[PDB]
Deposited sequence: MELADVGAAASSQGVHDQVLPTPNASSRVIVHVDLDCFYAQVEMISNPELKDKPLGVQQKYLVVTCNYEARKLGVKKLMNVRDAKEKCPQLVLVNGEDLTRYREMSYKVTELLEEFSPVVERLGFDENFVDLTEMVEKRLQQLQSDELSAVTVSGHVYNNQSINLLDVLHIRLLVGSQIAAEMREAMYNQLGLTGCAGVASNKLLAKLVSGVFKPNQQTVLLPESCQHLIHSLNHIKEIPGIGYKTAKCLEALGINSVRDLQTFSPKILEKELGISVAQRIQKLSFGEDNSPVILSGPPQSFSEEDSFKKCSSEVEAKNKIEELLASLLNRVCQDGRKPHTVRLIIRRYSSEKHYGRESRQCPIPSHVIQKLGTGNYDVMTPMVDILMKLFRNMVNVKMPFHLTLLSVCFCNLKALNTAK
């Protein structure tokens, strides 16, 4: 009801992982490269004009000193990612992952247990750790301010444990819901944290300049909104609910308009172990079924290596292509395959899936291949 949520966001995650592995890159401008893309870079490269998801040409022209490491193989980032979520689950077991480098934790039971243990004089007494959003004055007689401040202390303990046990730096935002925790975690970067008091909530949401900056409003929704003349957070706040419902549907319209007021009642959900494992490769051109099979075989072998080490097994396989969005075909994995030479029965499954989507007697042009193990039991 009245919650205290923390959002944890690792600093330049892949680059942090690469710098830890090779402390020779730690003092140097660093970009993590995938194909032609600099997906992320350290804060030294960001100074020199390098931005995330920048073209490798644009980056090294903007920064000739820029060291590049290849981050196509996600193995090590994925491993570090789970170490961070496991560490946070020791604080409170209900930790929600968002991608590889973000976690939400509902701190509210932890805050209340800590509060129960303090005396009268000990409230006097309670102090923030890190920044207060908008430099708002704390009122220690306001129980909501008190609970949020205890939230900030837990957030700092979390960041200190991540640093002490894992070597990782990150930001945290503490607020009354997920939306606001996530929006506030980014106010001071890198390696800082911020707490949002209730009175400054409107200030945070109106500080955004693009409607797409709201988590939950993506590329297609934003473009839709733009067509409707909705550009600021206030435009969306004040736009006719009826016209919005008609344009985007009851569900999207009501959720995002709620989000435009800073309102978000979604619970922090326990992510637990993953729902799926997948491996992807992208390329300029694939036009031969023989090469496609070879491609699919490599993706398989990596997937089987992961299958596997978590211990539990997938009950369905999916193959995703991109021609020239995506197309896919899935089917169950036979139970005699599941109990785990698996490779040779597995590839024929995938090629049958391939040939259903791709008429191989007719010239084709693929730019992506992806195998997914899902429906784990």
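- Residues 1 to 25, 350 to 355, 372 to 377, 415 to 420 of the deposited sequence, counted from 1, carry no C-alpha coordinates in the model.
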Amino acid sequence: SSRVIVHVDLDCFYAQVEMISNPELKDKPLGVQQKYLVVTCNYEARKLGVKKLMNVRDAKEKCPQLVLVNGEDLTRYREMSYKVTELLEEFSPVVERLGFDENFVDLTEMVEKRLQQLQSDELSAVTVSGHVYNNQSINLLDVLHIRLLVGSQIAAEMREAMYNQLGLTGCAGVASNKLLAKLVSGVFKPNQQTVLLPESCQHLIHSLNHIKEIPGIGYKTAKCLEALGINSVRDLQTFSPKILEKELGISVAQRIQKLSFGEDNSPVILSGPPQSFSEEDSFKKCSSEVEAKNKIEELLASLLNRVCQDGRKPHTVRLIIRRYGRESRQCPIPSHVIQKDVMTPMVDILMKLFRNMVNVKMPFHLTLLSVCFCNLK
From here on, numbers count along this sequence of modelled residues.
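Just so we're on the same page, rigid core means the largest C-alpha set that superposes within 1.5 Å between forms.
- Choosing between 280 to 288 and 216 to 224, the greater Cα displacement from the shown form in 9 other deposited structures of this protein, fitted by the core, goes with 280 to 288.
- For 244 to 252 versus 257 to 265, the mean Cα distance to the shown form in 9 other deposited structures of this protein after rigid core alignment is larger for 244 to 252.
- In the comparison with other entries of the same protein, residue 348 is given coordinates in all of those covering both sides of it, so it never reaches the one-third threshold.
- For residue 359, the record comparison shows coordinates absent in at least a third of the other entries of this protein that model its neighbours.
- When 154 to 162 is weighed against 225 to 233, 225 to 233 comes out higher, by mean CA B-factor as recorded in the entry.
- Judged by mean Cα B factor in the deposited record, 282 to 290 ranks above the other of 93 to 101 and 282 to 290.
- For the set 88, 181, 208, 303, the PDB entry assigns the largest Cα B-factor to 303.
- The residue among 139, 192, 81, 124 whose C-alpha carries the highest B-factor in the deposited model is 124.
- The PDB entry assigns residue 119 a C-alpha temperature factor belonging to the highest third of its chain's modelled residues.
- Placement of the Cα temperature factor of residue 203 within the chain: lowest third of the modelled residues, per the deposited record.
- Annotation for residue 174: CA B-factor lies in the lowest third of the chain's modelled residues.
- When the modelled residues of the chain are ordered by their C-alpha B factor, residue 307 lands in the highest third.
- Looking at the C-alpha B-factors along this chain, the one for residue 246 belongs to the highest third.
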